[PDB]
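Trainee: model.cif (mmCIF, C-alpha atoms) pasted underneath:
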data_input
loop_
_atom_site.group_PDB
_atom_site.id
_atom_site.type_symbol
_atom_site.label_atom_id
_atom_site.label_comp_id
_atom_site.auth_asym_id
_atom_site.auth_seq_id
_atom_site.Cartn_x
_atom_site.Cartn_y
_atom_site.Cartn_z
ATOM 1 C CA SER A 1 83.229 79.452 66.729
ATOM 2 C CA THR A 2 82.849 79.027 70.472
ATOM 3 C CA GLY A 3 85.061 78.873 73.557
ATOM 4 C CA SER A 4 84.626 77.406 77.040
ATOM 5 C CA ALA A 5 86.988 77.885 79.981
ATOM 6 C CA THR A 6 86.820 77.006 83.652
ATOM 7 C CA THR A 7 87.096 79.841 86.158
ATOM 8 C CA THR A 8 88.433 79.112 89.650
ATOM 9 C CA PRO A 9 88.222 81.067 92.932
ATOM 10 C CA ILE A 10 91.596 82.472 93.995
ATOM 11 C CA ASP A 11 90.987 81.710 97.678
ATOM 12 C CA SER A 12 88.552 80.218 100.190
ATOM 13 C CA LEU A 13 86.415 83.400 100.238
ATOM 14 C CA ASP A 14 85.834 83.658 96.459
ATOM 15 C CA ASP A 15 87.600 87.039 96.526
ATOM 16 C CA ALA A 16 88.073 86.800 92.746
ATOM 17 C CA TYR A 17 88.134 84.199 89.986
ATOM 18 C CA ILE A 18 90.936 83.327 87.575
ATOM 19 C CA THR A 19 90.640 81.837 84.115
ATOM 20 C CA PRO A 20 93.568 80.476 82.074
ATOM 21 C CA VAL A 21 94.327 82.417 78.865
ATOM 22 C CA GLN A 22 96.815 81.489 76.136
ATOM 23 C CA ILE A 23 98.849 84.425 74.800
ATOM 24 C CA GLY A 24 101.401 84.326 71.997
ATOM 25 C CA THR A 25 103.221 81.684 69.973
ATOM 26 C CA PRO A 26 104.191 79.290 71.464
ATOM 27 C CA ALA A 27 101.413 79.811 73.997
ATOM 28 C CA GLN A 28 102.160 81.504 77.298
ATOM 29 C CA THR A 29 99.341 80.644 79.720
ATOM 30 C CA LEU A 30 98.448 83.349 82.243
ATOM 31 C CA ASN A 31 95.621 83.258 84.796
ATOM 32 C CA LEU A 32 93.503 86.360 84.238
ATOM 33 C CA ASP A 33 90.664 87.965 86.173
ATOM 34 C CA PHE A 34 87.747 88.264 83.716
ATOM 35 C CA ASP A 35 86.193 91.656 84.478
ATOM 36 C CA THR A 36 82.843 92.672 82.988
ATOM 37 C CA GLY A 37 83.360 96.092 84.620
ATOM 38 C CA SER A 38 86.400 97.151 82.571
ATOM 39 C CA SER A 39 87.691 96.933 79.017
ATOM 40 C CA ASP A 40 91.474 96.441 79.091
ATOM 41 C CA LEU A 41 93.304 93.130 78.706
ATOM 42 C CA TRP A 42 96.500 93.745 80.665
ATOM 43 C CA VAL A 43 99.159 91.427 81.976
ATOM 44 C CA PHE A 44 102.166 91.187 84.227
ATOM 45 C CA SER A 45 105.108 91.042 81.859
ATOM 46 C CA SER A 46 108.855 91.052 81.305
ATOM 47 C CA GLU A 47 108.455 94.856 81.288
ATOM 48 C CA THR A 48 106.877 95.086 84.762
ATOM 49 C CA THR A 49 109.037 96.875 87.347
ATOM 50 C CA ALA A 50 110.821 93.970 89.056
ATOM 51 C CA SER A 51 110.027 95.055 92.625
ATOM 52 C CA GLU A 52 106.323 95.025 91.703
ATOM 53 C CA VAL A 53 106.288 91.359 90.650
ATOM 54 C CA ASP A 54 105.785 88.790 93.456
ATOM 55 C CA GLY A 55 104.896 85.310 92.218
ATOM 56 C CA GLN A 56 102.834 86.180 89.139
ATOM 57 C CA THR A 57 103.381 84.493 85.801
ATOM 58 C CA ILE A 58 104.589 87.030 83.255
ATOM 59 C CA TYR A 59 104.046 87.490 79.529
ATOM 60 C CA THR A 60 107.329 87.890 77.622
ATOM 61 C CA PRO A 61 106.544 89.343 74.198
ATOM 62 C CA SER A 62 110.115 88.807 72.926
ATOM 63 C CA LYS A 63 109.479 85.043 73.194
ATOM 64 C CA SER A 64 106.319 85.185 71.072
ATOM 65 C CA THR A 65 106.771 84.973 67.319
ATOM 66 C CA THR A 66 103.367 86.601 66.775
ATOM 67 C CA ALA A 67 103.855 89.571 69.155
ATOM 68 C CA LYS A 68 104.165 93.040 67.620
ATOM 69 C CA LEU A 69 104.688 96.312 69.473
ATOM 70 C CA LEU A 70 101.746 98.650 68.901
ATOM 71 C CA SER A 71 103.954 101.639 68.271
ATOM 72 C CA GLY A 72 103.277 104.709 70.375
ATOM 73 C CA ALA A 73 100.399 103.162 72.320
ATOM 74 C CA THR A 74 100.186 103.468 76.105
ATOM 75 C CA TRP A 75 97.541 102.646 78.683
ATOM 76 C CA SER A 76 96.718 103.575 82.265
ATOM 77 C CA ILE A 77 93.774 102.453 84.359
ATOM 78 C CA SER A 78 92.410 102.872 87.847
ATOM 79 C CA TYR A 79 89.723 100.717 89.404
ATOM 80 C CA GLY A 80 86.958 101.415 91.907
ATOM 81 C CA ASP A 81 89.026 100.100 94.814
ATOM 82 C CA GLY A 82 91.834 102.558 94.091
ATOM 83 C CA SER A 83 94.161 100.025 92.479
ATOM 84 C CA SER A 84 95.878 100.857 89.184
ATOM 85 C CA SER A 85 98.296 99.789 86.470
ATOM 86 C CA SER A 86 99.868 101.210 83.297
ATOM 87 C CA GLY A 87 102.259 100.397 80.474
ATOM 88 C CA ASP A 88 102.598 99.905 76.727
ATOM 89 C CA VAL A 89 100.854 97.651 74.209
ATOM 90 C CA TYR A 90 101.502 94.660 71.959
ATOM 91 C CA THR A 91 99.213 92.848 69.579
ATOM 92 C CA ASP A 92 99.316 89.061 69.743
ATOM 93 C CA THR A 93 97.225 85.926 69.432
ATOM 94 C CA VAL A 94 94.985 85.300 72.439
ATOM 95 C CA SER A 95 92.925 82.174 73.064
ATOM 96 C CA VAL A 96 90.338 81.455 75.735
ATOM 97 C CA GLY A 97 88.933 77.963 76.073
ATOM 98 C CA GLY A 98 89.645 77.129 72.431
ATOM 99 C CA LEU A 99 88.429 80.457 70.979
ATOM 100 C CA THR A 100 91.227 82.354 69.229
ATOM 101 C CA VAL A 101 91.549 86.042 68.388
ATOM 102 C CA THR A 102 94.467 87.234 66.290
ATOM 103 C CA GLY A 103 95.714 90.792 66.645
ATOM 104 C CA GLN A 104 94.331 91.259 70.169
ATOM 105 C CA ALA A 105 95.701 94.233 72.100
ATOM 106 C CA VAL A 106 97.684 92.823 75.019
ATOM 107 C CA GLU A 107 98.509 95.646 77.410
ATOM 108 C CA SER A 108 101.880 95.043 79.047
ATOM 109 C CA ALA A 109 102.248 96.463 82.553
ATOM 110 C CA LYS A 110 105.276 98.564 83.331
ATOM 111 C CA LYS A 111 103.767 99.562 86.698
ATOM 112 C CA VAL A 112 101.153 97.999 88.957
ATOM 113 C CA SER A 113 99.860 99.160 92.347
ATOM 114 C CA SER A 114 100.590 97.308 95.561
ATOM 115 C CA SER A 115 97.287 95.408 95.666
ATOM 116 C CA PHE A 116 98.156 93.727 92.364
ATOM 117 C CA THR A 117 101.711 92.903 93.453
ATOM 118 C CA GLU A 118 100.352 91.375 96.659
ATOM 119 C CA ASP A 119 97.971 89.063 94.812
ATOM 120 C CA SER A 120 100.235 86.329 93.494
ATOM 121 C CA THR A 121 97.335 84.414 91.940
ATOM 122 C CA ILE A 122 96.237 87.071 89.415
ATOM 123 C CA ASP A 123 98.460 87.526 86.358
ATOM 124 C CA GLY A 124 96.342 90.321 84.837
ATOM 125 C CA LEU A 125 92.813 91.289 83.826
ATOM 126 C CA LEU A 126 90.685 90.517 80.775
ATOM 127 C CA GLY A 127 88.081 93.237 80.363
ATOM 128 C CA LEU A 128 84.611 92.356 79.113
ATOM 129 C CA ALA A 129 82.770 95.684 79.396
ATOM 130 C CA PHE A 130 82.216 97.823 76.273
ATOM 131 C CA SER A 131 85.237 98.868 74.232
ATOM 132 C CA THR A 132 84.378 102.551 74.743
ATOM 133 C CA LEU A 133 86.014 102.207 78.206
ATOM 134 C CA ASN A 134 89.318 100.894 76.850
ATOM 135 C CA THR A 135 92.178 103.134 78.038
ATOM 136 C CA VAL A 136 94.715 102.685 75.226
ATOM 137 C CA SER A 137 95.910 105.997 73.781
ATOM 138 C CA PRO A 138 96.060 107.453 71.176
ATOM 139 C CA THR A 139 94.159 104.631 69.427
ATOM 140 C CA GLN A 140 91.523 102.941 71.594
ATOM 141 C CA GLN A 141 91.522 99.145 71.351
ATOM 142 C CA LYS A 142 88.793 96.489 71.331
ATOM 143 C CA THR A 143 88.095 93.891 73.984
ATOM 144 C CA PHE A 144 88.624 90.192 73.384
ATOM 145 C CA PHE A 145 84.841 89.746 73.132
ATOM 146 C CA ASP A 146 84.366 92.540 70.611
ATOM 147 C CA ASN A 147 87.169 91.144 68.462
ATOM 148 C CA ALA A 148 85.705 87.628 68.651
ATOM 149 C CA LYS A 149 82.072 88.568 68.243
ATOM 150 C CA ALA A 150 81.624 88.374 64.486
ATOM 151 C CA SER A 151 83.148 84.874 64.450
ATOM 152 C CA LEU A 152 81.041 83.529 67.308
ATOM 153 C CA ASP A 153 78.061 81.263 66.660
ATOM 154 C CA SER A 154 75.996 83.765 68.681
ATOM 155 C CA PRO A 155 77.266 87.191 69.880
ATOM 156 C CA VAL A 156 77.154 86.313 73.578
ATOM 157 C CA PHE A 157 79.220 85.206 76.516
ATOM 158 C CA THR A 158 78.016 83.675 79.775
ATOM 159 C CA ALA A 159 79.298 83.794 83.356
ATOM 160 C CA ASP A 160 78.576 80.840 85.636
ATOM 161 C CA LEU A 161 80.577 81.562 88.784
ATOM 162 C CA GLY A 162 80.754 78.979 91.563
ATOM 163 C CA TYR A 163 80.283 79.381 95.291
ATOM 164 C CA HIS A 164 83.485 78.018 96.819
ATOM 165 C CA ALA A 165 83.888 75.991 93.606
ATOM 166 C CA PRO A 166 84.970 76.347 89.980
ATOM 167 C CA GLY A 167 82.611 77.639 87.316
ATOM 168 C CA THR A 168 82.612 78.462 83.616
ATOM 169 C CA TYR A 169 82.920 81.295 81.094
ATOM 170 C CA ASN A 170 81.454 80.355 77.700
ATOM 171 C CA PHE A 171 81.742 82.370 74.496
ATOM 172 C CA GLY A 172 79.395 82.058 71.533
ATOM 173 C CA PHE A 173 76.718 79.755 72.963
ATOM 174 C CA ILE A 174 74.280 79.296 75.823
ATOM 175 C CA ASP A 175 74.655 75.970 77.660
ATOM 176 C CA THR A 176 71.053 75.006 78.311
ATOM 177 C CA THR A 177 72.161 72.333 80.799
ATOM 178 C CA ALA A 178 73.824 74.911 83.087
ATOM 179 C CA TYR A 179 70.715 76.533 84.601
ATOM 180 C CA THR A 180 67.241 75.702 85.852
ATOM 181 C CA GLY A 181 63.977 77.157 84.609
ATOM 182 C CA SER A 182 64.101 79.993 82.087
ATOM 183 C CA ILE A 183 66.493 82.877 81.447
ATOM 184 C CA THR A 184 64.916 86.290 82.031
ATOM 185 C CA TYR A 185 66.352 89.016 79.837
ATOM 186 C CA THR A 186 66.470 92.678 80.824
ATOM 187 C CA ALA A 187 67.498 95.902 79.073
ATOM 188 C CA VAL A 188 71.041 97.267 79.155
ATOM 189 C CA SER A 189 72.301 100.839 78.923
ATOM 190 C CA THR A 190 75.770 101.147 77.422
ATOM 191 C CA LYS A 191 75.906 104.915 78.041
ATOM 192 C CA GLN A 192 78.586 104.579 80.747
ATOM 193 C CA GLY A 193 80.365 101.672 79.009
ATOM 194 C CA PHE A 194 79.112 99.073 81.494
ATOM 195 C CA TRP A 195 76.622 96.210 81.461
ATOM 196 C CA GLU A 196 74.188 98.534 83.243
ATOM 197 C CA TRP A 197 70.652 97.354 84.003
ATOM 198 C CA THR A 198 67.761 98.004 86.413
ATOM 199 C CA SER A 199 66.757 95.447 89.024
ATOM 200 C CA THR A 200 63.064 95.437 89.892
ATOM 201 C CA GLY A 201 63.520 95.145 93.673
ATOM 202 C CA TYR A 202 64.591 92.987 96.566
ATOM 203 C CA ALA A 203 63.648 90.878 99.559
ATOM 204 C CA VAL A 204 65.495 90.024 102.769
ATOM 205 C CA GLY A 205 65.202 86.418 103.898
ATOM 206 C CA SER A 206 61.606 85.220 103.850
ATOM 207 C CA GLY A 207 60.368 88.821 103.906
ATOM 208 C CA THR A 208 58.054 90.456 101.402
ATOM 209 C CA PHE A 209 59.465 91.641 98.087
ATOM 210 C CA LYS A 210 59.929 95.402 97.768
ATOM 211 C CA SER A 211 59.284 96.625 94.227
ATOM 212 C CA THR A 212 61.785 99.387 93.542
ATOM 213 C CA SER A 213 64.075 100.224 90.621
ATOM 214 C CA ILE A 214 67.774 99.695 91.344
ATOM 215 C CA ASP A 215 70.128 100.737 88.546
ATOM 216 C CA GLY A 216 73.493 98.973 88.661
ATOM 217 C CA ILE A 217 76.207 97.135 86.782
ATOM 218 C CA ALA A 218 76.849 93.421 86.332
ATOM 219 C CA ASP A 219 80.518 93.283 87.329
ATOM 220 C CA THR A 220 82.397 89.989 87.584
ATOM 221 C CA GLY A 221 85.520 91.889 88.657
ATOM 222 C CA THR A 222 83.962 93.213 91.904
ATOM 223 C CA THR A 223 83.772 90.756 94.819
ATOM 224 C CA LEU A 224 80.790 92.092 96.756
ATOM 225 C CA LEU A 225 77.230 93.338 96.200
ATOM 226 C CA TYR A 226 77.029 97.147 96.586
ATOM 227 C CA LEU A 227 73.515 98.563 96.880
ATOM 228 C CA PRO A 228 71.825 101.750 98.158
ATOM 229 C CA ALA A 229 72.191 102.461 101.877
ATOM 230 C CA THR A 230 68.473 102.001 102.476
ATOM 231 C CA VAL A 231 68.512 98.466 101.040
ATOM 232 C CA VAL A 232 71.707 97.485 102.836
ATOM 233 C CA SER A 233 70.417 98.791 106.189
ATOM 234 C CA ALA A 234 67.239 96.758 105.737
ATOM 235 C CA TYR A 235 69.325 93.617 105.151
ATOM 236 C CA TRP A 236 71.695 93.989 108.115
ATOM 237 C CA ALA A 237 68.858 94.951 110.473
ATOM 238 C CA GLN A 238 67.852 91.286 110.242
ATOM 239 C CA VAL A 239 71.195 90.106 111.687
ATOM 240 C CA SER A 240 71.570 90.425 115.469
ATOM 241 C CA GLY A 241 74.650 92.420 116.361
ATOM 242 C CA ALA A 242 75.406 93.596 112.811
ATOM 243 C CA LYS A 243 76.621 97.173 112.461
ATOM 244 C CA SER A 244 78.418 99.483 110.093
ATOM 245 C CA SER A 245 81.988 100.009 111.218
ATOM 246 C CA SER A 246 83.786 103.085 109.935
ATOM 247 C CA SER A 247 87.074 101.651 111.224
ATOM 248 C CA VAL A 248 86.706 98.366 109.319
ATOM 249 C CA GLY A 249 85.122 100.002 106.252
ATOM 250 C CA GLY A 250 81.636 98.521 106.108
ATOM 251 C CA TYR A 251 79.069 96.271 107.712
ATOM 252 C CA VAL A 252 80.363 93.592 110.039
ATOM 253 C CA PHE A 253 78.426 90.929 111.916
ATOM 254 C CA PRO A 254 79.021 88.372 114.666
ATOM 255 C CA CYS A 255 80.653 85.294 113.180
ATOM 256 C CA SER A 256 78.166 83.238 115.252
ATOM 257 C CA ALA A 257 75.264 84.549 113.139
ATOM 258 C CA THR A 258 73.212 82.661 110.596
ATOM 259 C CA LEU A 259 72.750 85.101 107.690
ATOM 260 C CA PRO A 260 69.437 85.509 105.849
ATOM 261 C CA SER A 261 69.239 85.161 102.084
ATOM 262 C CA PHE A 262 68.895 88.196 99.804
ATOM 263 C CA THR A 263 66.654 88.172 96.730
ATOM 264 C CA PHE A 264 66.960 90.553 93.785
ATOM 265 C CA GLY A 265 64.490 91.069 90.956
ATOM 266 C CA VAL A 266 65.131 90.620 87.256
ATOM 267 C CA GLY A 267 61.902 91.701 85.616
ATOM 268 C CA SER A 268 59.247 89.448 87.144
ATOM 269 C CA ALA A 269 61.874 86.821 88.005
ATOM 270 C CA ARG A 270 63.803 86.475 91.251
ATOM 271 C CA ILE A 271 67.389 85.441 92.018
ATOM 272 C CA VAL A 272 68.045 84.233 95.561
ATOM 273 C CA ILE A 273 71.485 84.721 97.099
ATOM 274 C CA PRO A 274 71.848 82.219 99.977
ATOM 275 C CA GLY A 275 72.929 83.667 103.315
ATOM 276 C CA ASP A 276 76.209 81.756 103.232
ATOM 277 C CA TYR A 277 77.260 83.664 100.073
ATOM 278 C CA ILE A 278 77.169 86.898 102.117
ATOM 279 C CA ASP A 279 79.769 85.703 104.665
ATOM 280 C CA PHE A 280 83.308 86.981 103.994
ATOM 281 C CA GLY A 281 84.758 85.646 107.216
ATOM 282 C CA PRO A 282 86.741 87.173 110.056
ATOM 283 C CA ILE A 283 87.862 90.766 109.559
ATOM 284 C CA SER A 284 91.332 89.680 110.749
ATOM 285 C CA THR A 285 92.673 86.238 111.595
ATOM 286 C CA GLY A 286 91.064 84.914 114.779
ATOM 287 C CA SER A 287 88.453 87.665 115.056
ATOM 288 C CA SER A 288 84.839 86.866 115.917
ATOM 289 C CA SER A 289 83.705 89.853 113.803
ATOM 290 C CA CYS A 290 82.929 88.850 110.226
ATOM 291 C CA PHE A 291 82.814 91.017 107.107
ATOM 292 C CA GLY A 292 79.556 91.329 105.212
ATOM 293 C CA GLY A 293 79.112 90.575 101.520
ATOM 294 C CA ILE A 294 76.405 93.212 100.976
ATOM 295 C CA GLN A 295 77.719 96.751 101.434
ATOM 296 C CA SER A 296 76.549 100.294 100.733
ATOM 297 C CA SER A 297 77.276 101.849 97.353
ATOM 298 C CA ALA A 298 76.892 105.354 98.844
ATOM 299 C CA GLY A 299 80.586 106.242 98.475
ATOM 300 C CA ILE A 300 80.942 104.749 94.971
ATOM 301 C CA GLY A 301 78.432 106.538 92.759
ATOM 302 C CA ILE A 302 77.000 103.372 91.223
ATOM 303 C CA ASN A 303 75.372 100.159 92.426
ATOM 304 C CA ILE A 304 77.411 97.040 91.661
ATOM 305 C CA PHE A 305 76.083 93.518 91.212
ATOM 306 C CA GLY A 306 79.405 91.870 91.891
ATOM 307 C CA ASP A 307 80.340 88.244 92.407
ATOM 308 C CA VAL A 308 78.142 87.786 95.501
ATOM 309 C CA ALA A 309 75.093 88.385 93.299
ATOM 310 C CA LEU A 310 76.312 86.964 90.001
ATOM 311 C CA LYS A 311 77.430 83.605 91.400
ATOM 312 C CA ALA A 312 73.825 82.936 92.468
ATOM 313 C CA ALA A 313 72.847 82.985 88.774
ATOM 314 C CA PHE A 314 73.678 81.850 85.271
ATOM 315 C CA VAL A 315 74.289 85.199 83.546
ATOM 316 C CA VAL A 316 74.091 85.908 79.798
ATOM 317 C CA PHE A 317 75.955 88.929 78.440
ATOM 318 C CA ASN A 318 74.188 89.402 75.104
ATOM 319 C CA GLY A 319 76.311 91.534 72.777
ATOM 320 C CA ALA A 320 73.805 91.716 69.939
ATOM 321 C CA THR A 321 73.270 95.078 68.204
ATOM 322 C CA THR A 322 71.057 96.047 71.123
ATOM 323 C CA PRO A 323 72.753 94.425 74.116
ATOM 324 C CA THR A 324 70.774 92.773 76.920
ATOM 325 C CA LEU A 325 71.494 90.787 80.098
ATOM 326 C CA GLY A 326 69.925 87.471 81.010
ATOM 327 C CA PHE A 327 69.665 85.840 84.427
ATOM 328 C CA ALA A 328 68.601 82.315 85.357
ATOM 329 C CA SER A 329 68.625 80.391 88.598
ATOM 330 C CA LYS A 330 70.895 77.335 88.743
#
Show this structure as structure tokens.

Mentor:
Amino acid sequence: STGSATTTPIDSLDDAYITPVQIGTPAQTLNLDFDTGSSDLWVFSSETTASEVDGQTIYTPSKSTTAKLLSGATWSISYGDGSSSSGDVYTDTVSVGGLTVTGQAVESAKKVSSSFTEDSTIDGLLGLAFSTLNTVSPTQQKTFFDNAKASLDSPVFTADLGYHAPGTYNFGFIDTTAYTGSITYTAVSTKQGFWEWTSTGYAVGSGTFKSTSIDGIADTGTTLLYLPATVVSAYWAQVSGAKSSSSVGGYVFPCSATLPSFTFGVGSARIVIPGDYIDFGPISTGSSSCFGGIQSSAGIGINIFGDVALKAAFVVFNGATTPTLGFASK
């Protein structure tokens, strides 16, 4: 089997991407944020505290003939940005782009934090990291990908995120028309439950490439590129007037600037992030100070290759017995 679904930016800044997902019988279609940095499939639901729902589409398990309460199971998750959600658990049929899993754990939110409530476009998350991070207790549950894997033509999924445009998540096959050149594969550590890999270095603009190992995670659910302070300082030093603002919470730059590209290494290969991808626009409406798309990971504890980096590439998440990650230009 295979599946293929279009993923669409939620706003003009590519702050996140949503992908339609069919849950239950008859299908209830919710727009979920596919997150390779977490391992819970959770949704706004008929059980979500009413004051915490503001425009989202909800899953109503009582209207699904295939829904079953997973008795005694609860879940609770926090994310790197301090947002959180929690609730109980159903199993139901879940389909993505024509690929169907029966008996998938669908985590129904009873509570969500304000950031989720305030984002009307995101109806929940679909985690695609390793199932060892799944938060369901007392019986940990598998991700959609792990459940699907044995049925897939090949045990892989791919992320092809667009810049200010739709893109694609494919399951079970590699679309050889979707990238240029060759895919370079690199080793993954699953020790922390993430798609964790080591970049071979970086360049700023047309500058020379610095060979240096940068350990980080491929995370479709994080908007920006978070790298060590040394690397980030070297980037922003090439933008006149750029500075780190403690009050704003990161590097800002004059909106009149033309940003340089940023290159990262994947083995001997190179992925180039165009300067435009690094512009996240005015810090507040009407401001001439713009927010940068490359920020320090110093306060986080891990480097994160988020959407800013990933959308410059065609990315293969290879879930073979020994997982690997592949990157191609496109």

Trainee: Rank A:116, A:144, A:253, A:130 by their smallest atom-to-atom distance to residue 95 (chain A), using all atoms listed in the file, and report the top residue only.

Mentor: A:144

Trainee: Work out how far apart CA of residue 209 (chain A) and CA of residue 263 (chain A) are and give it in Å to one decimal.

Mentor: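 For CA of residue 209 (chain A) relative to CA of residue 263 (chain A), the distance reads 8.1 Å.
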
Trainee: Once you count all atoms listed in the file, what closest atom pair and distance in Å to one decimal does each residue of region 93-168 of chain A within 12 Å of region 182-204 of chain A have, with rows by chain and rising residue number, as CSV?

Mentor:
residue,atom,partner,partner_atom,distance
A:127,CA,A:194,CA,10.8
A:128,CA,A:194,CA,9.0
A:129,CA,A:194,CA,5.4
A:130,CA,A:193,CA,5.1
A:131,CA,A:193,CA,7.4
A:132,CA,A:193,CA,5.9
A:133,CA,A:193,CA,5.7
A:134,CA,A:193,CA,9.2
A:135,CA,A:193,CA,11.9
A:158,CA,A:183,CA,11.7

Trainee: Determine the residue set returned by the PyMOL selection byres ((chain A and resi 25) around 8) for the present structure, and present it as JSON, numbers by chain.

Mentor: {"A": [23, 24, 26, 27, 28, 63, 64, 65, 66, 67, 93]}

Trainee: Could you list the residues chosen by the PyMOL selection byres ((chain A and resi 310-316) around 6) in this structure as an MDAnalysis selection string?

Mentor: chainID A and resid 158:162 273 307:309 317:318 325:330

Trainee: Once you have the residues from the selection above, write them out as an mmCIF file, in the coordinates of the input, restricted to C-alpha atoms.

Mentor:
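The resulting file, part06.cif, is shown below:
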data_model
loop_
_atom_site.group_PDB
_atom_site.id
_atom_site.type_symbol
_atom_site.label_atom_id
_atom_site.label_comp_id
_atom_site.auth_asym_id
_atom_site.auth_seq_id
_atom_site.Cartn_x
_atom_site.Cartn_y
_atom_site.Cartn_z
ATOM 1 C CA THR A 158 78.016 83.675 79.775
ATOM 2 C CA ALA A 159 79.298 83.794 83.356
ATOM 3 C CA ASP A 160 78.576 80.840 85.636
ATOM 4 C CA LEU A 161 80.577 81.562 88.784
ATOM 5 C CA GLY A 162 80.754 78.979 91.563
ATOM 6 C CA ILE A 273 71.485 84.721 97.099
ATOM 7 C CA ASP A 307 80.340 88.244 92.407
ATOM 8 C CA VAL A 308 78.142 87.786 95.501
ATOM 9 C CA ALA A 309 75.093 88.385 93.299
ATOM 10 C CA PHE A 317 75.955 88.929 78.440
ATOM 11 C CA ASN A 318 74.188 89.402 75.104
ATOM 12 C CA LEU A 325 71.494 90.787 80.098
ATOM 13 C CA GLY A 326 69.925 87.471 81.010
ATOM 14 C CA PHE A 327 69.665 85.840 84.427
ATOM 15 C CA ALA A 328 68.601 82.315 85.357
ATOM 16 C CA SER A 329 68.625 80.391 88.598
ATOM 17 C CA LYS A 330 70.895 77.335 88.743
#

Trainee: Using the chain letters and residue numbers of this document, give as a list in words the residues selected by the PyMOL selection byres ((chain A and resi 261) around 8).

Mentor: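 That expression, the PyMOL selection byres ((chain A and resi 261) around 8), corresponds here to residues 204, 205, 206, 259, 260, 262, 263, 272, 273, 274, 275 and 276 of chain A.
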
Trainee: Measure the distance from CA of residue 155 (chain A) to CA of residue 173 (chain A) in Å and round it to one decimal.

Mentor: 8.1 Å

Trainee: Which residue out of A:5, A:16, A:30, A:105 has the minimum interatomic distance to residue 169 (chain A) when only C-alpha atoms are used?

Mentor: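 Smallest distance to residue 169 (chain A) is found for A:5.
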
Trainee: As lines of an AutoDock Vina configuration file, please report the centre and edge lengths, rounded to one decimal in Å, of the axis-aligned box that holds all listed atoms of region 152-155 of chain A with 4 Å of padding on each of the six sides.

Mentor:
center_x = 78.5
center_y = 84.2
center_z = 68.3
size_x = 13.0
size_y = 13.9
size_z = 11.2

Trainee: Could you check the closest approach to residue 126 (chain A) for each of A:88, A:81, A:40, A:279 and tell me which residue wins, using only C-alpha atoms?

Mentor: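 Distance minimum relative to residue 126 (chain A) lands on A:40.
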
Trainee: I'd like the interatomic distance between CA of residue 83 (chain A) and CA of residue 215 (chain A), to a tenth of an Å.

Mentor: 24.4 Å

Trainee: Which is closest to residue 216 (chain A) among A:245, A:300, A:139, A:174, if we use all atoms listed in the file?

Mentor: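 Of A:245, A:300, A:139, A:174, the one nearest residue 216 (chain A) is A:300, counting all atoms listed in the file.
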
Trainee: Can you work out which one of A:211, A:12, A:238, A:223 has the shortest atom-to-atom distance to residue 270 (chain A), counting only C-alpha atoms?

Mentor: A:211

Trainee: Go through A:306, A:293, A:9, A:221 one by one, measure the shortest atom-to-atom distance of each to residue 278 (chain A) using only C-alpha atoms, and give the residue with the smallest value.

Mentor: A:293

Trainee: Near residue 55 (chain A), within 12 Å and counting only C-alpha atoms, which residues show up once chain neighbours fewer than 3 positions away are dropped, as a VMD selection string?

Mentor: chain A and resid 44 to 45 50 to 52 58 116 to 123
